[PDB]
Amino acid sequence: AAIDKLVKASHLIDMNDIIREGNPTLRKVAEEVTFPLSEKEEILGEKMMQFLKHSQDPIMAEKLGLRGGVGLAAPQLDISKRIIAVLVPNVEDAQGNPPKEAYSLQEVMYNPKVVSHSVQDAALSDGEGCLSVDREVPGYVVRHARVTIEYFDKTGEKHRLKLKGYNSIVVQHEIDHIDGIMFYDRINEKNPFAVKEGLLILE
């Protein structure tokens, strides 16, 4: 099955393991994982983080044929399980110095969910995209500005975390995949660029 191919020790995830818009797996509600994790679930989560690290490394991305990315969900690999990975790098200053922290967010999350959020909405100014989608899709993807999430790590430890700004937007995009929701479902149907008053537009 797909899981067997992905967790082979020598196998690296690349664009060929990523399913396409139209595949029914992307519209299911993914199945909760149970703890303690199987070996396959543990390995999958590590290969997903490895994919993101490779995607962000100019050379490995070139070698493997990948573009830069900050989030991945197991449904996109044809695995209907509530596992996501997020990797959001901080940026160099104007003199070229590395940031104090390499990443503003770095996690493999099992069974994540939004437990509360702000009344205010937000959206990225430049819209969103998706590895499973090979269409230009314009518009503002309207999300919760701020969220409190819960999730479990690979050991089974529960975490509760508040997020805002770009990290909020990323985590929301990945949780949507495990609920069978696509980014363009949150784009206004008649004017993609419509702005209801009070929308926070992120730059």
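All residue numbers refer to positions in the sequence shown, first residue = 1.
Q: Taking the mean of the C-alpha B-factors per stretch from the entry, tell me the winner out of 133-141 and 43-51.
A: Higher of the two, by average CA B-factor, is 133-141.
Q: Given the B-factors recorded for C-alpha atoms, which segment has the greater mean, 17-25 or 175-183?
A: Stretch with the greater average CA B-factor: 17-25.
Q: In this PDB entry, which of 31, 150, 153, 62 has the top CA B-factor?
A: That would be 62.
Q: Specify which of 111, 95, 118, 76 carries the largest Cα B factor in the deposited PDB entry.
A: The listed residue with the largest C-alpha B-factor is 95.
Q: Would you mind ranking residue 160 by its C-alpha B-factor against the rest of the chain and naming the third, lowest, middle or highest?
A: Lowest third, going by the recorded CA B-factors of the chain.
Q: Hey, what third does residue 127 fall into on Cα B-factor, ranked over its chain?
A: For residue 127, the deposited C-alpha B-factor lands in the highest third.
Q: How does residue 66 rank on Cα B-factor within its chain, lowest, middle or highest third?
A: For residue 66, whose C-alpha B-factor we compare with every modelled residue in the chain, the answer is the highest third.
Q: Give the position of residue 91 by CA B-factor within its chain, expressed as the lowest, middle or highest third.
A: Its C-alpha B-factor belongs to the highest third of this chain's values.
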